[PDB]
Amino acid sequence: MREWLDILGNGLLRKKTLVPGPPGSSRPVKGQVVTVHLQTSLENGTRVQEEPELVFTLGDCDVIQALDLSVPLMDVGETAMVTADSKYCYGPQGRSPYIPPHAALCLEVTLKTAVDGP
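Numbering-wise, the numbering used here comes out as the position in the sequence shown, counting from 1, plus 567.
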């Protein structure tokens, strides 16, 4: 019963909460080290990446925009779906070997923990 959010106002980077974070949960802060379960599929449903324990510093400047701009909007414990044009993913570059140039992606993200950086 949750709505899509159009993050950038152009239809090309959209997020929906699939499983809300529970009462009292909050958003991660940039500079925290987050751990996510990330599933990536081509807009057609082909699964191209799965990482159950992906650790990264939220806000690192080279994280694809589709994640940098969506993960801060999640609560810890939330699962979200992100639909993102290639413009906000790997663009004309693609991600070898399985993501071609210009691929729109569906990202399913579960934010597991968020911990202060060192």
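Note that beta-carbon positions come from the ideal geometry of N, C-alpha and C, so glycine has one too.
Just to confirm, are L579 and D652 a CB contact at a threshold of 8 Å?
Going by C-beta atoms, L579 is nearer than 8 Å to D652.
Rounded separation between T677 and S593 - CA only
14 Å
Spell out a yes or no on whether the segment 616-623 and the segment 568-584 are touching, meaning 3 or more CB-CB pairs, one atom from each, closer than 8 Å.
The segment 616-623 vs the segment 568-584: no contact.
Ends of the beta strand (DSSP E) at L621?
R614 to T624
Tell me the DSSP bridge mates of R662?
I666
Pairs of beta-carbons, one from the segment 664-680 and one from the segment 605-617, closer than 8 Å: are there three or more?
yes
Buried/exposed call for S663, threshold 16 Cβ in 10 Å:
exposed
Give the straight-line distance between the Cα atoms of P595 and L634, rounded to the nearest whole angstrom.
13 Å
Considering just the uninterrupted stretch of the alpha helix (DSSP H) at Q632, what are its terminal residues?
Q632 to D635
Rounded to a whole number of angstroms, what is the C-alpha to C-alpha distance between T584 and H604?
15 Å
Rounded C-alpha distance that separates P589 from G644
7 Å
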